[PDB]
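> Okay, handing you the structure first.
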Amino acid sequence: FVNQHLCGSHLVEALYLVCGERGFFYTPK
Amino acid sequence: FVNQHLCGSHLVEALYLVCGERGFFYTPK
Amino acid sequence: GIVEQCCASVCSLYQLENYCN
Amino acid sequence: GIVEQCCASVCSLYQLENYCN
């Protein structure tokens, strides 16, 4: 699922799945 | 959509919708 | 943290916006 | 940023993990 174009909710979803209980930051601009 | 229990992808989704182009940080632990 | 306030209990816009950049 | 590297172009695990806490 990660090695593709990922935009908006699709990108946030990938971060959530990959990062797990570490969480993440989403900084689009 | 925000004034309910929100867990896991549901919570990340709410942050994405509310925060818009500011983005957000998700720090569950 | 956010899990305690929005998953384990009822979330709010006031709390969610605290996590926006 | 992340949009340029993963939306406007093809994402990678190596880049996504850079955004994990």
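Letters A, B, ... mark the chains of the structure tokens in the order given; residue numbers begin at 1 per chain; ligand numbers begin at 1, in order shown.
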Just need chain A moved onto chain B: least-squares over all Cα atoms matched in order, then output as a compact mmCIF listing (two decimals) with C-alpha atoms, in the first residue's frame.


```
# COMPACT_ATOMS: atom_id res chain seq x y z
CA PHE A 1 -18.75 13.85 13.28
CA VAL A 2 -16.48 15.21 16.05
CA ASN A 3 -18.65 14.98 19.17
CA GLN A 4 -18.46 11.23 19.62
CA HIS A 5 -15.96 8.56 20.58
CA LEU A 6 -13.23 8.46 17.89
CA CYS A 7 -10.60 5.76 17.89
CA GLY A 8 -7.77 4.75 15.58
CA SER A 9 -8.47 5.51 11.93
CA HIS A 10 -11.67 7.23 12.96
CA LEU A 11 -9.72 9.73 15.06
CA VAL A 12 -7.05 10.30 12.40
CA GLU A 13 -9.86 10.93 9.90
CA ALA A 14 -11.46 13.56 12.16
CA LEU A 15 -8.14 15.33 12.62
CA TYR A 16 -7.59 15.34 8.86
CA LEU A 17 -11.05 16.82 8.19
CA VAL A 18 -10.93 19.43 10.98
CA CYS A 19 -7.36 20.58 10.53
CA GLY A 20 -7.33 20.86 6.75
CA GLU A 21 -4.21 22.35 5.18
CA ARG A 22 -2.71 23.06 8.59
CA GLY A 23 -2.26 19.37 9.14
CA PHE A 24 -1.96 17.83 12.54
CA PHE A 25 -0.07 15.63 14.91
CA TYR A 26 -1.34 12.30 16.12
CA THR A 27 0.39 11.19 19.34
CA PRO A 28 -1.51 8.27 20.89
CA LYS A 29 0.89 7.34 23.66
```

> Can you list every residue in chain A that DSSP puts in alpha helix (DSSP H), as a PyMOL selection string?

chain A and resi 9-19

> Can you write out as a Markdown table which residues of chain D fall within 10 Å of chain B, alongside each residue's closest atom pair and its distance in Å to one decimal, counting only C-alpha atoms and ordering rows by chain and ascending residue number?


```
| residue | atom | partner | partner_atom | distance |
| --- | --- | --- | --- | --- |
| D:19 | CA | B:25 | CA | 9.8 |
| D:20 | CA | B:26 | CA | 9.2 |
| D:21 | CA | B:27 | CA | 7.5 |
```

> Just want the 9 Å neighbourhood of residue C:15, counted on only C-alpha atoms, with same-chain residues fewer than 5 positions away dropped. Output as a PyMOL selection string.

chain C and resi 2+5-6

> Grab the atom CA of residue D:18 to atom CA of residue D:1 distance for me, in Å with one decimal place.

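Going from atom CA of residue D:18 over to atom CA of residue D:1, I get 10.9 Å.
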